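Here is the structure we will look at, set down as structure tokens.
Sequential numbering from 1 along the given sequence is applied to the chain's residues.
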Amino acid sequence: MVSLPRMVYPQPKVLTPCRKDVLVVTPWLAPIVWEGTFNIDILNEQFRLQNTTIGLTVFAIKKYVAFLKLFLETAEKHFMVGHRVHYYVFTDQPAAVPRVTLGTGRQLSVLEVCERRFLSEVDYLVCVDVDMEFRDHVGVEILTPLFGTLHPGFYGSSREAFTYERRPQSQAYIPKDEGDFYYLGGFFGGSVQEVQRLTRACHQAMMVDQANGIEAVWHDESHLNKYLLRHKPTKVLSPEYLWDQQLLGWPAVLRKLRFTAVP
Ligand SMILES: CCCCCCO[C@@H]1O[C@H](CO)[C@H](O)[C@H](N)[C@H]1O[C@@H]1O[C@@H](C)[C@@H](O)[C@@H](O)[C@@H]1O
Ligand SMILES: [Hg+2]
Ligand SMILES: [Hg+2]
Ligand SMILES: [Hg+2]
Ligand SMILES: [Hg+2]
């Protein structure tokens with residue numbers, strides 16, 4: 001809304017692509033976020049001017065409460081640093097949640113296991129798994145009305161290979177000739193409104209399947225892929241945002257491993 005201040009930085013080169021080894025924009029013109037595609041300084045400016053508040057949700061149940069400490073600490077070093085952050089930890093063990101020191105402007109809410117709440121406390125919801133750790137920068141370059149992340153195991157495969165729900169009896173069914181990408185169920189987000197619409201669409205889809213006595217091959221992840229097929233995300237994060245180094249190594253194509261799994 002408000003204008004940006006004087007800024008000095010490398011002039012974008014029209015005849016010089018940033019990256020030439022990967023697709024940096026989808027067929028529906030949504031950027032695909034890769035290191036080297038964005039100037040964080042510009043993006044930080046734009047989002048700070050709007051005093052943007054990002055909500056980060058995680059569900060730590062049972063033995064998973066153990067990953068909270070590493071998760072929160074690493075997030076404190078790489079997640080939306082400089083912006084307002086609100087962590088929402090949904091757990092079945094409120095007292096097991098570790099006491100993590102948070103930077104200023106960042107807070108944490110423990111929810112023992114409504115929506116209207118999210119609409120008033122944050123501008124964006126980022127939803128991920130807890131058994132993870134941040135290893136590098138994960139910032140506002142990902143914020144958009146709706147985004148999904150490319151699965152680290154199929155980002156170089158053809159649709160026919162994707163592990164979509166192939167049974168026509170499931171609401172998550174996707175034929176072999178349909179599909180843009182295979183998105184990860186453990187890293188998606190967008191505005192509060194768009195994220196609730198997605199989760200509401202999936203919950204209903206999952207009920208219909210249960211009533212029909214069937215469960216999608218990859219559960220939640222199967223429905224997400226179906227919803228994102230019909231509602232193209234406004235931004236797609238590259239595999240840099242969710243990788244398993246132990247299981248997949250470190251390809252030259254990935255200049256950074258931002259969010260990874262904890263062996
Ligand atoms: C992250 C490694 C990618 C390649 C392994 C296959 O990944 C699995 O893919 C299915 C869908 O086809 C599900 O998404 C599984 N959850 C994926 O497992 C992955 O690997 C295991 C070991 C865990 O790290 C899991 O979190 C990963 O998604
Ligand atoms: Hg969420
Ligand atoms: Hg869905
Ligand atoms: Hg769901
Ligand atoms: Hg979902």
Kindly assign one of parallel, tilted or perpendicular to the pair [X] and [Y], based on the angle between their ring planes and the thresholds 30° and 60°.
X      : Y      : value
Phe71  : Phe259 : perpendicular
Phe79  : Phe134 : tilted
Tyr88  : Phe118 : perpendicular
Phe154 : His151 : perpendicular

Whether the side chain of [X] engages the backbone of [Y] through a donor-acceptor N/O pair (distance < 3.5 Å, no angle test) should be reported.
X      : Y      : result
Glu141 : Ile40  : no
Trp243 : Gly249 : yes
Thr149 : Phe187 : yes
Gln246 : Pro263 : no

If hydrophobic clusters are built by linking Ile, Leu, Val, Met, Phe, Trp and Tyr wherever their side-chain heavy atoms come under 4.5 Å apart, do [X] and [Y] end up in the same one?
X      : Y      : value
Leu242 : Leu146 : no
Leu248 : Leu184 : no
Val126 : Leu108 : yes
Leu102 : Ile54  : yes
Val217 : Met206 : no

Take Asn51 and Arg84, measure what side-chain contact (heavy atoms from CB on, under 4.5 Å) needs, and give me the verdict at the end. CA-CA 8 Å; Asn51 183 42; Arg84 289 170 62 192; 2.9 Å; yes
Show the numbers, then the answer: is there a side-chain contact (heavy atoms from CB on, under 4.5 Å) between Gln169 and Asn212? CA-CA 8 Å; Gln169 306 73 198; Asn212 278 29; 5.9 Å; no
Can you find a heavy atom in the side chain of [X] that is under 4.5 Å from one in the side chain of [Y]?
X      : Y      : result
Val236 : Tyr183 : yes
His83  : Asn44  : yes
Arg19  : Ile32  : no
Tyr241 : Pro152 : no
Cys18  : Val24  : no
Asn225 : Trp218 : no
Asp123 : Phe47  : no
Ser238 : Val33  : no

Measuring from atom [atom1] of [X] to atom [atom2] of [Y], what distance do you get when rounded to the nearest 0.5 angstrom?
X      : Y      : atom1 : atom2 : value
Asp41  : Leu4   : CG    : CG    : 11.5 Å
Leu119 : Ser191 : CG    : OG    : 9.5 Å
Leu198 : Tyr227 : CG    : OH    : 5.5 Å
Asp92  : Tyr64  : CG    : OH    : 12.0 Å
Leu224 : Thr199 : CG    : OG1   : 10.5 Å
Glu215 : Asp220 : CD    : CG    : 7.5 Å

Under a 3.5 Å cutoff, is there a donor and acceptor pairing between the side chains of [X] and [Y]?
X      : Y      : answer
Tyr164 : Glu178 : no
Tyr124 : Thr52  : no
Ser109 : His86  : yes

Testing the basics here: between [X] and [Y], what is the closest heavy-atom pair and its distance to 0.1 Å?
X      : Y      : value
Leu23  : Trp34  : O-NE1, 3.0 Å
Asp209 : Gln171 : OD1-N, 2.9 Å
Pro98  : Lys69  : CG-N, 3.5 Å
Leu254 : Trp250 : O-NE1, 2.7 Å
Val100 : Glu73  : CG1-CG, 4.0 Å
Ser170 : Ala216 : OG-CB, 4.1 Å

What do the steps show when you test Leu229 against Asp180 for side-chain contact (heavy atoms from CB on, under 4.5 Å), and what is the final call? CA-CA 7 Å; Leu229 170 66; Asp180 301 301; 4.2 Å; yes
Is the count of non-hydrogen atoms from other residues, nucleotides or ligands lying under 6.0 Å from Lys63 atom NZ greater than 12?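 Yes, the 6.0 Å shell around NZ holds more than 12 heavy atoms from other groups.
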For atom CZ of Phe67, is the number of surrounding heavy atoms from other residues, nucleotides or ligands below 6.0 Å larger than 12?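 For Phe67, atom CZ is crowded (more than 12 foreign heavy atoms under 6.0 Å).
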Would you call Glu160-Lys176 a salt bridge at under 4.0 Å N-O?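 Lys176 and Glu160: not salt-bridged.
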Is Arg167 salt-bridged to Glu165, going by a charged N under 4.0 Å from an acidic O?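 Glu165 and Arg167: salt-bridged.
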Quick one: list whatever passes side chain to side chain contact (heavy atoms under 4.5 Å, CB included) with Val25, sequence neighbours left out.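 Only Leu29 meet the side chain to side chain contact (heavy atoms under 4.5 Å, CB included) criterion with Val25.
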Side chain to side chain contact (heavy atoms under 4.5 Å, CB included) involving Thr144 - partner list, sequence neighbours excluded: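 Partners of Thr144 under the side chain to side chain contact (heavy atoms under 4.5 Å, CB included) test: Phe147, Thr234, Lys235.
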Using the salt bridge (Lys or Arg N to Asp or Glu O under 4.0 Å) rule, pick out the option among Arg255, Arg258, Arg135, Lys256 that qualifies with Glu240.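 Checked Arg255, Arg258, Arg135, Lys256 against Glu240; only one passes salt bridge (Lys or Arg N to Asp or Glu O under 4.0 Å): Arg258.
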Step-by-step side-chain contact (heavy atoms from CB on, under 4.5 Å) determination, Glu121 to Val192: CA-CA 10 Å; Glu121 317 190 311; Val192 175; over 6 Å; no
